[PDB]
file query37.pdb (PDB, C-alpha atoms (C1' of nucleotides))
MODEL        1
ATOM      1  CA  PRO A 215      26.077  19.854  28.614
ATOM      2  CA  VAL A 216      22.906  19.521  30.682
ATOM      3  CA  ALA A 217      19.671  17.580  30.165
ATOM      4  CA  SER A 218      16.411  19.394  29.507
ATOM      5  CA  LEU A 219      13.560  17.549  31.173
ATOM      6  CA  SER A 220      11.052  18.881  28.687
ATOM      7  CA  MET A 221      12.677  16.783  25.960
ATOM      8  CA  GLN A 222      12.858  13.874  28.402
ATOM      9  CA  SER A 223       9.130  14.208  29.027
ATOM     10  CA  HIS A 224       8.263  14.737  25.360
ATOM     11  CA  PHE A 225      10.154  11.725  24.040
ATOM     12  CA  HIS A 226       8.815   9.481  26.815
ATOM     13  CA  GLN A 227       5.059  10.162  26.525
ATOM     14  CA  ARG A 228       5.096   9.830  22.714
ATOM     15  CA  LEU A 229       7.205   6.637  22.355
ATOM     16  CA  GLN A 230       5.393   4.353  24.828
ATOM     17  CA  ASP A 231       3.633   2.242  22.190
ATOM     18  CA  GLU A 232       6.188   1.682  19.409
ATOM     19  CA  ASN A 233       8.895  -0.880  20.069
ATOM     20  CA  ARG A 234      11.007  -0.754  16.906
ATOM     21  CA  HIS A 235      12.143   2.745  17.925
ATOM     22  CA  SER A 236      12.571   2.662  21.700
ATOM     23  CA  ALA A 237      15.215   1.269  24.073
ATOM     24  CA  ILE A 238      14.645   1.137  27.830
ATOM     25  CA  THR A 239      17.405   2.507  30.096
ATOM     26  CA  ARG A 240      16.990   2.021  33.846
ATOM     27  CA  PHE A 241      18.425   3.684  36.961
ATOM     28  CA  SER A 242      18.466   2.534  40.584
ATOM     29  CA  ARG A 243      17.763   5.554  42.850
ATOM     30  CA  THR A 244      14.719   7.138  41.251
ATOM     31  CA  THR A 245      13.804   9.346  44.226
ATOM     32  CA  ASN A 246      17.054  11.342  44.199
ATOM     33  CA  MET A 247      16.756  12.224  40.500
ATOM     34  CA  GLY A 248      13.461  14.071  41.017
ATOM     35  CA  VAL A 249       9.818  13.385  40.302
ATOM     36  CA  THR A 250      10.336  12.995  36.547
ATOM     37  CA  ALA A 251      12.455   9.868  37.023
ATOM     38  CA  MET A 252      10.045   8.711  39.752
ATOM     39  CA  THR A 253       6.730   8.974  37.896
ATOM     40  CA  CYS A 254       7.952   6.787  35.018
ATOM     41  CA  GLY A 255      10.267   5.213  37.563
ATOM     42  CA  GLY A 256      13.413   3.873  35.972
ATOM     43  CA  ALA A 257      12.076   3.396  32.424
ATOM     44  CA  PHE A 258      13.318   6.288  30.178
ATOM     45  CA  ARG A 259      12.196   5.417  26.653
ATOM     46  CA  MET A 260      14.843   6.866  24.322
ATOM     47  CA  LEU A 261      14.896   6.522  20.534
ATOM     48  CA  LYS A 262      16.586   3.254  19.498
ATOM     49  CA  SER A 263      18.607   3.186  16.249
ATOM     50  CA  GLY A 264      15.743   1.832  14.139
ATOM     51  CA  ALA A 265      17.157  -1.304  12.520
ATOM     52  CA  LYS A 266      20.186  -3.563  12.612
ATOM     53  CA  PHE A 267      23.094  -2.013  10.719
ATOM     54  CA  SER A 268      23.337  -2.812   7.015
ATOM     55  CA  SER A 269      26.549  -2.911   4.968
ATOM     56  CA  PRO A 270      26.045  -2.287   1.232
ATOM     57  CA  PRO A 271      28.860  -2.199  -1.319
ATOM     58  CA  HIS A 272      30.950   0.867  -0.709
ATOM     59  CA  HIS A 273      31.456   2.632  -4.039
ATOM     60  CA  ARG A 274      30.694   1.633  -7.612
ATOM     61  CA  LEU A 275      33.363   3.402  -9.658
ATOM     62  CA  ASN A 276      35.370   2.278 -12.688
ATOM     63  CA  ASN A 384      45.807  22.082  -3.613
ATOM     64  CA  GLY A 385      45.101  18.513  -2.513
ATOM     65  CA  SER A 386      46.468  17.079   0.760
ATOM     66  CA  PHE A 387      44.170  14.092   1.338
ATOM     67  CA  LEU A 388      45.355  11.765   4.119
ATOM     68  CA  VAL A 389      43.800   8.373   4.865
ATOM     69  CA  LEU A 390      43.463   6.344   8.058
ATOM     70  CA  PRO A 391      42.225   2.799   7.348
ATOM     71  CA  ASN A 392      39.887   0.677   9.521
ATOM     72  CA  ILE A 393      40.211   2.089  13.033
ATOM     73  CA  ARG A 394      38.646  -0.387  15.484
ATOM     74  CA  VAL A 395      37.000   0.929  18.665
ATOM     75  CA  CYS A 396      36.436  -1.286  21.727
ATOM     76  CA  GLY A 397      33.609  -0.194  23.990
ATOM     77  CA  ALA A 398      32.691   3.390  23.159
ATOM     78  CA  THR A 399      29.510   4.725  24.711
ATOM     79  CA  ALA A 400      26.297   5.144  22.732
ATOM     80  CA  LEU A 401      24.227   7.418  25.009
ATOM     81  CA  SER A 402      25.231  10.436  22.942
ATOM     82  CA  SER A 403      22.484  12.908  23.797
ATOM     83  CA  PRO A 404      20.318  12.438  26.912
ATOM     84  CA  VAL A 405      17.512  11.229  24.583
ATOM     85  CA  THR A 406      19.139   9.119  21.817
ATOM     86  CA  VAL A 407      20.879   5.733  21.548
ATOM     87  CA  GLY A 408      23.001   4.570  18.624
ATOM     88  CA  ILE A 409      26.061   5.922  16.811
ATOM     89  CA  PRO A 410      28.020   8.327  19.090
ATOM     90  CA  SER A 411      27.806  12.097  18.842
ATOM     91  CA  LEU A 412      29.723  13.524  15.909
ATOM     92  CA  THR A 413      31.300  16.155  18.147
ATOM     93  CA  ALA A 414      33.338  13.194  19.408
ATOM     94  CA  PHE A 415      34.459  12.532  15.844
ATOM     95  CA  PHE A 416      35.477  16.189  15.820
ATOM     96  CA  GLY A 417      37.526  15.964  19.014
ATOM     97  CA  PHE A 418      39.293  12.849  17.723
ATOM     98  CA  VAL A 419      40.511  14.928  14.775
ATOM     99  CA  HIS A 420      41.426  18.096  16.668
ATOM    100  CA  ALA A 421      43.409  16.174  19.288
ATOM    101  CA  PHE A 422      45.207  14.513  16.371
ATOM    102  CA  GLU A 423      46.153  17.748  14.624
ATOM    103  CA  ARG A 424      47.566  19.172  17.862
ATOM    104  CA  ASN A 425      49.888  16.168  18.181
ATOM    105  CA  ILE A 426      51.470  16.786  14.773
ATOM    106  CA  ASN A 427      51.765  20.538  15.483
TER     107      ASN A 427
ATOM    108  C1'   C B   1      41.912  19.058  22.942
ATOM    109  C1'   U B   2      36.218  13.910  22.393
ATOM    110  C1'   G B   3      28.429  14.155  28.060
ATOM    111  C1'   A B   4      36.107  15.164  29.349
ATOM    112  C1'   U B   5      39.878  12.391  33.142
ATOM    113  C1'   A B   6      39.574   6.496  36.184
ATOM    114  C1'   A B   7      36.443   1.529  35.985
ATOM    115  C1'   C B   8      36.449  -7.124  36.598
ATOM    116  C1'   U B   9      29.032  -8.519  37.328
ATOM    117  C1'   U B  10      29.762 -13.266  39.472
ATOM    118  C1'   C B  11      29.039 -18.214  41.919
ATOM    119  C1'   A B  12      24.987 -23.250  41.527
ATOM    120  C1'   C B  13      21.258 -26.453  38.125
ATOM    121  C1'   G B  14      17.528 -33.887  35.158
ATOM    122  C1'   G B  15      11.586 -31.638  31.258
ATOM    123  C1'   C B  16       9.197 -35.754  31.490
ATOM    124  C1'   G B  17       5.255 -40.052  30.962
ATOM    125  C1'   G B  18       1.357 -42.644  26.709
ATOM    126  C1'   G B  19      -0.574 -43.028  21.163
ATOM    127  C1'   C B  20      -3.484 -47.213  14.052
ATOM    128  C1'   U B  21      -4.705 -41.548   8.856
ATOM    129  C1'   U B  22      -8.094 -43.964   6.356
ATOM    130  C1'   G B  23     -11.840 -45.903   2.290
ATOM    131  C1'   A B  24     -12.900 -45.278  -3.874
ATOM    132  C1'   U B  25     -10.779 -43.961  -9.120
ATOM    133  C1'   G B  26     -10.078 -45.159 -17.701
ATOM    134  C1'   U B  27      -6.236 -38.964 -19.993
ATOM    135  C1'   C B  28      -7.683 -39.197 -24.642
ATOM    136  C1'   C B  29      -8.696 -38.265 -30.200
ATOM    137  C1'   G B  30      -5.196 -36.150 -35.364
ATOM    138  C1'   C B  31      -0.083 -35.381 -37.825
ATOM    139  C1'   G B  32       5.302 -35.500 -44.724
ATOM    140  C1'   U B  33      10.802 -31.777 -42.072
ATOM    141  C1'   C B  34      13.319 -30.723 -46.685
ATOM    142  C1'   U B  35      16.286 -28.669 -51.040
ATOM    143  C1'   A B  36      22.359 -27.669 -52.792
ATOM    144  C1'   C B  37      28.110 -29.070 -51.580
ATOM    145  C1'   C B  38      36.211 -30.693 -54.556
ATOM    146  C1'   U B  39      39.799 -30.870 -48.617
ATOM    147  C1'   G B  40      44.544 -29.682 -52.300
ATOM    148  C1'   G B  41      50.905 -36.219 -51.169
ATOM    149  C1'   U B  42      53.750 -33.036 -58.557
ATOM    150  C1'   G B  43      59.088 -36.078 -59.020
ATOM    151  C1'   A B  44      59.722 -37.083 -54.134
ATOM    152  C1'   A B  45      62.840 -42.756 -48.947
ATOM    153  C1'   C B  46      66.070 -45.399 -54.855
ATOM    154  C1'   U B  47      69.351 -50.942 -55.998
ATOM    155  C1'   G B  48      71.644 -55.181 -54.181
ATOM    156  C1'   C B  49      73.451 -59.578 -50.806
ATOM    157  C1'   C B  50      72.992 -64.160 -47.175
ATOM    158  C1'   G B  51      69.094 -67.357 -45.426
ATOM    159  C1'   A B  52      64.138 -72.713 -47.341
ATOM    160  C1'   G B  53      61.353 -67.827 -44.978
ATOM    161  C1'   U B  54      55.176 -62.459 -45.543
ATOM    162  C1'   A B  55      60.886 -64.591 -39.638
ATOM    163  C1'   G B  56      65.645 -62.859 -39.603
ATOM    164  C1'   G B  57      70.003 -60.553 -41.024
ATOM    165  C1'   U B  58      73.692 -57.698 -44.253
ATOM    166  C1'   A B  59      75.436 -53.345 -48.127
ATOM    167  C1'   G B  60      76.628 -47.697 -50.775
TER     168        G B  60
ENDMDL
END
call {"tool": "encode", "arguments": {"input": "query37.pdb", "output": "structure tokens"}}
result
Amino acid sequence: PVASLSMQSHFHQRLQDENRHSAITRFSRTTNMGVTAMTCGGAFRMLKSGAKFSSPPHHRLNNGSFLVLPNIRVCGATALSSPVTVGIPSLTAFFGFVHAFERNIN
RNA sequence: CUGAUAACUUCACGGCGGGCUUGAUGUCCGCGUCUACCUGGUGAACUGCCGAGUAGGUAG
């Protein structure tokens, strides 16, 4: 994966006046990254999650092969999923967690 | 077969000094609660005797 600096420009110069939807992520050698990380030097506005997470009630109820895995706890997974978003990790990492699990049973 | 593989942010700290919320006040007038009601122990634990005895005892 690489980072398109048209999407880095587009998300920056449209999110510079709303603060409920933007999280600032800094870097320390702005000159080596190129002029895009020098003009807005350091800042990098990128699409915060939107609100604090809310936990409603789960369900309101009364072949096959369905396996469960209850309450996995993760300590310190990264949130910078795309180069432009911040929040829940990329769901291709939830895919790799499954496919590295099905190769262990095989 | 996971923006893959590995990863110590740390050390130090005095928020302080002073202070008048006050003055005045009419909640009032009127008022019909009422009519009717089954709780059901059959005979069933009976009769003496001592003691002055509404105490006490004692018989089959």
call {"tool": "atom_distance", "arguments": {"input": "query37.pdb", "atom1": "atom CA of residue A:245", "atom2": "atom CA of residue A:257"}}
result
13.3 Å
call {"tool": "residues_around", "arguments": {"input": "query37.pdb", "residues": "residue A:403", "least_positions_apart": "4", "cutoff": "12 Å", "atoms": "all atoms listed in the file", "output": "MDAnalysis selection string"}}
result
(chainID A and resid 215:218 221:222 260:261 399 407:414) or (chainID B and resid 3)
call {"tool": "resolve_selection", "arguments": {"input": "query37.pdb", "expression": "the PyMOL selection byres ((chain B) within 12 of (chain A))", "output": "PyMOL selection string"}}
result
chain B and resi 1-4
call {"tool": "closest_residue", "arguments": {"input": "query37.pdb", "among": "A:388, A:405, A:426, A:247", "to": "residue A:220", "atoms": "only C-alpha atoms"}}
result
A:405
call {"tool": "closest_residue", "arguments": {"input": "query37.pdb", "among": "A:240, A:274, A:235, A:228", "to": "residue A:258", "atoms": "only C-alpha atoms"}}
result
A:240
call {"tool": "atom_distance", "arguments": {"input": "query37.pdb", "atom1": "atom CA of residue A:400", "atom2": "atom CA of residue A:273"}}
result
27.4 Å
call {"tool": "atom_distance", "arguments": {"input": "query37.pdb", "atom1": "atom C1' of residue B:10", "atom2": "atom CA of residue A:255"}}
result
26.9 Å
call {"tool": "residues_near_point", "arguments": {"input": "query37.pdb", "point": "(14.0, 9.1, 41.7)", "cutoff": "6 Å", "atoms": "only C-alpha atoms (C1' of nucleotides)", "output": "VMD selection string"}}
result
chain A and resid 243 to 248 251 to 252
call {"tool": "resolve_selection", "arguments": {"input": "query37.pdb", "expression": "the PyMOL selection byres ((chain B and resi 48) around 9)", "output": "count of residues only"}}
result
3
